[PDB]
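Worksheet: the structure to be examined is printed underneath.
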Amino acid sequence: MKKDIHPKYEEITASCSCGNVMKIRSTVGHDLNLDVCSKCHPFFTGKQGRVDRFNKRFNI
Amino acid sequence: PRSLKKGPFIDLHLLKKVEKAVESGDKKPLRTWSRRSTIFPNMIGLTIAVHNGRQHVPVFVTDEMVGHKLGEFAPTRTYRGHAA
Amino acid sequence: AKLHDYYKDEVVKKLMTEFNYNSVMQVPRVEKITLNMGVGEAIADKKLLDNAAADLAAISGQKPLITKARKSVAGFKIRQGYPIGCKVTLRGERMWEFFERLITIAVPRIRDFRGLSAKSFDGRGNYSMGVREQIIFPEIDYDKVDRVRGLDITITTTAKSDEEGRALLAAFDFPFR
Amino acid sequence: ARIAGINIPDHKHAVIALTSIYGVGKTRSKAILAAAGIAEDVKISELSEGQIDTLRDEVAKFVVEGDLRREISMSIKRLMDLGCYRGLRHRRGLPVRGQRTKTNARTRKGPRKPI
RNA sequence: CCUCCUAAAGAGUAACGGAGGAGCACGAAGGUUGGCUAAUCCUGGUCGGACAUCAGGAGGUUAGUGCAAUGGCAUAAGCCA
RNA sequence: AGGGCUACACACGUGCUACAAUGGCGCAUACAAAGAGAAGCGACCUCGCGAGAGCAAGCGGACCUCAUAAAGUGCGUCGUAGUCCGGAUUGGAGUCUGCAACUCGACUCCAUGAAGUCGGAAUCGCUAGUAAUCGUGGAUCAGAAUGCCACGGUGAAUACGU
Ligand SMILES: [Mg+2]
Ligand SMILES: [Mg+2]
Ligand SMILES: [Mg+2]
Ligand SMILES: [Mg+2]
Ligand SMILES: [Mg+2]
Ligand SMILES: [Mg+2]
Ligand SMILES: [Mg+2]
Ligand SMILES: [Mg+2]
Ligand SMILES: [Mg+2]
Ligand SMILES: [Mg+2]
Ligand SMILES: [Mg+2]
Ligand SMILES: [Mg+2]
Ligand SMILES: [Mg+2]
Ligand SMILES: [Mg+2]
Ligand SMILES: [Mg+2]
Ligand SMILES: [Mg+2]
Ligand SMILES: [Mg+2]
Ligand SMILES: [Zn+2]
């Protein structure tokens with residue numbers, strides 16, 4: 001990389017709600033608080049009609 | 001909508017026709033004027049010709065139609081646009 | 001470098017077993033990642049081209065290269081040489097670190113994320129995807145956003161086919177629906 | 001701040017701020033906060049990270065945001081695909097609930113279109 | 001005044017013969033050193049569409065040349081510093 | 001019997017509801033008049049978030065019921081934003097009347113949250129308990145008012161003059 005031209009780019013900590021904590025280089029400066037991550041998002045884990053209804057509402 | 005405690009309304013003559021038609025193989029359409037009847041699960045696969053005021057519109061009953069009223073599938077007004 | 005060690009230690013073994021490669025040099029590599037913004041709406045405002053180039057800098061950790069029009073195009077009101085985009089080429093350590101920030105942090109933040117298309121390979125093994133809002137990257141401050149910019153991300157790979165490219169990406173638990 | 005994939009206004013009372021989520025009105029806002037033990041006049045900024053996590057946990061009990069949007073789109077598509085009266089009304093951008101169309105109906109029809 | 005053809009494979013060669021251009025531009029668009037390679041289409045990709053920017057492929061100058069045409073031009077005379 | 005009178009590029013009349021802070025929301029709490037009721041009005045209690053439901057008194061009524069008036073006032077909050085303004089539209093789930101709510105009912109709940117930031121030319125009502133504003137009741141009626149008819153509450157401005 002060239003000198004003097006690029007964003008400041010240093011290690012920080014990304015702390016997610018699910019107890020996942022990852023140290024990562026970034027430009028954000030401060031530390032991150034993640035409401036979701038790759039280890040708790042439902043797509044990544046896998047946490048992702050008329051006859052039924054008619055017969056359940058009209059039990060004879 | 002009809003109160004749940006009353007259950008689903010269907011005309012008695014249509015209920016009889018549908019029972020007769022399910023009991024003996026799929027016949028020609030069921031000619032009916034009972035637009036107000038609820039589509040029951042035991043009509044799925046039957047063709048029902050629902051009066052719209054002038055004609056009997058064919059309605060092939062599928063599962064997605066269950067719980068709807070037959071007249072929902074036979075429009076009563078003709079409209080193709082103004083300034084046409 | 002977390003994902004580069006994961007590649008050297010687990011991905012190579014999985015792919016060697018699967019494709020029955022004779023040499024490890026045959027296993028596909030992630031060669032580069034290119035991030036591109038098309039800012040064609042900067043022919044009116046040049047100041048819109050810079051701010052987009054600010055986002056890219058924040059997202060990649062790397063000053064972007066302003067791209068310009070290869071030829072004049074009268075439909076889009078662009079003359080040859082007019083700056084209407086910006087891009088970064090990430091390689092090596094920076095590439096692996098952005099790849100980790102994208103897989104583990106940014107993609108979980110996509111609104112209504114239901115998976116990435118496994119269709120978006122170029123026929124030769126390389127994977128392009130679009131990002132509709134730059135906010136999914138926590139570097140981009142929400143209280144600081146000027147305009148809702150997007151971008152596109154290309155992952156250029158040494159794989160010979162799309163089968164090999166998607167095997168490589170899925171070895172990193174890339175979220176293919 | 002970030003709940004259900006969206007940013008909630010930080011300077012408003014929690015009740016008003018939660019209604020920024022697609023699928024949360026005033027009643028569901030009160031229900032969420034009373035199930036999380038949080039006063040309604042608490043501004044979102046005056047909230048611990050842990051309390052925001054409790055709020056997030058109580059919002060996940062309701063279908064909101066993109067799940068709600070695709071539910072609604074599925075219900076309307078089902079109507080349009082069936083060809084029932086309501087489906088045809090949705091197709092032609094006309095009132096679906098029996099309103100007069102001789103006059104008014106501008107919300108469905110949009111701005112006046114002169115002959 | 002310039003380019004092509006008429007012009008008969010050296011030069012030159014007429015007609016109120018057949019077609020086009022010039023009456024400038026550039027302190028870099030000149031010098032040199034170092035580098036670089038086109039058009040076009042296909043596939044993938046936020047907005048983005050026939051056509052912008054990005055990635056890969058095919059192609060191989062079908063590009064380019066400050067302005068006509070011809071002859072040149074990759075060791076580029078083309079493009080960047 | 002079923003459909004239509006409820007159509008819908010559009011134009012006009014009469015209204016309702018707004019565009020907010022002289023206001024919205026929450027809690028608390030004052031002060032009316034008029035009227036209706038037996039296949040009717042329906043208390044209390046119990047259940048339901050609610051519309052309602054179950055059970056069941058009283059009343060052909062200055063007795064019982066419909067049936068807390070609301071604006072107001074006190075406290076708190078919102079802080080001028082398309083908003084804690086507006087409440088159209090649509091999805092889902094229900095209730096009731098009624099043989100029957102698809103065309104085409106009213107109402108409830110959850111969600112949604114449009115136009116609209118005071119309206120061009122022009123034009124209407126009103127001289128006092130009036131205008132304005134706030135609620136209440138009745139006829140018609142199984143059900144179906146923002147209309148009609150009626151009732152009180154608060155309560156102005158201005159009229160030199162022809
Ligand atoms: Mg609501
Ligand atoms: Mg109506
Ligand atoms: Mg010669
Ligand atoms: Mg010769
Ligand atoms: Mg001679
Ligand atoms: Mg050279
Ligand atoms: Mg040169
Ligand atoms: Mg009749
Ligand atoms: Mg009429
Ligand atoms: Mg409101
Ligand atoms: Mg009386
Ligand atoms: Mg507007
Ligand atoms: Mg305002
Ligand atoms: Mg008078
Ligand atoms: Mg009134
Ligand atoms: Mg009455
Ligand atoms: Mg009535
Ligand atoms: Zn997590």
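As they're listed, the protein sequences go chains A, Z, F and Y. Taking the numbering used here, the leading residue of the first sequence gets 1, the next gets one more, and so forth. Taking the numbering used here, the leading residue of the second sequence gets 1, the next gets one more, and so forth. Taking the numbering used here, the leading residue of the third sequence gets 1, the next gets one more, and so forth. Taking the numbering used here, the leading residue of the fourth sequence gets 1, the next gets one more, and so forth. Positions of the beta carbon are idealized from the N, C-alpha and C atoms, including for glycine.
Within the region 52 to 85 of chain F, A57, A58, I59, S60, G61, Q62 and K63 place their CB atoms closer than 9 Å to a CB of chain A, listed in sequence order. Boundaries around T27 of chain Y are those of the alpha helix (DSSP H), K26 to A35, since no beta strand (DSSP E) includes it. If you check the CB distance, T89 of chain F and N126 of chain F do not come in under 8 Å.
For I16 of chain Y, same chain residues with a beta-carbon under 8 Å away, outside a window of 5 residues either side, are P9 and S29 in chain order. Residue contact check for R101 of chain F against chain A: a CB pair falls below 8 Å. Using a Cβ distance threshold of 8 Å, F172 of chain F and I103 of chain F count as a contacting pair. For the region 70 to 83 of chain Z, the set of positions with a beta-carbon nearer than 7 Å to some beta-carbon of chain Y reads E72, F73, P75 and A83 in chain order. If you check the CB distance, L49 of chain F and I33 of chain F do not come in under 8 Å. Taking all protein chains in view, the Cβ of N36 of chain F is crowded by 16 or more other Cβ atoms within 10 Å, so the residue is classified as buried. Shortest Cα-Cα distance from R109 of chain F to any of A:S38, A:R57 and A:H6 involves A:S38.
Between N42 of chain Z and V57 of chain Z, the C-beta gap is not smaller than 8 Å, which leaves the two residues out of contact. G23 of chain Y has its alpha-carbon roughly 35 Å from the corresponding atom of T27 of chain A. The beta carbon of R109 of chain F sits closer than 8 Å to some beta carbon of chain A. Against chain F, the CB of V21 of chain A has no partner CB under 8 Å away; the residue lies outside that interface.
One finds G5, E65, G66, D67, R69 and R70 in chain Y with Cβ atoms closer than 9 Å to the Cβ of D112 of chain F, taken in chain order.
Under the three-state reduction of DSSP, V42 of chain Y is assigned to coil, being neither helix nor strand. Rounded to the nearest whole angstrom, the CA to CA distance from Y142 of chain F to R111 of chain F is 14 Å. Here the C-alpha atom of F121 of chain F lies approximately 6 Å from the C-alpha atom of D162 of chain F.
Boundaries cannot be given for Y7 of chain F, as no beta strand (DSSP E) includes it and DSSP labels it neither H nor E. In terms of Cβ geometry, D35 of chain A and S17 of chain A form a close pair [threshold 8 Å].
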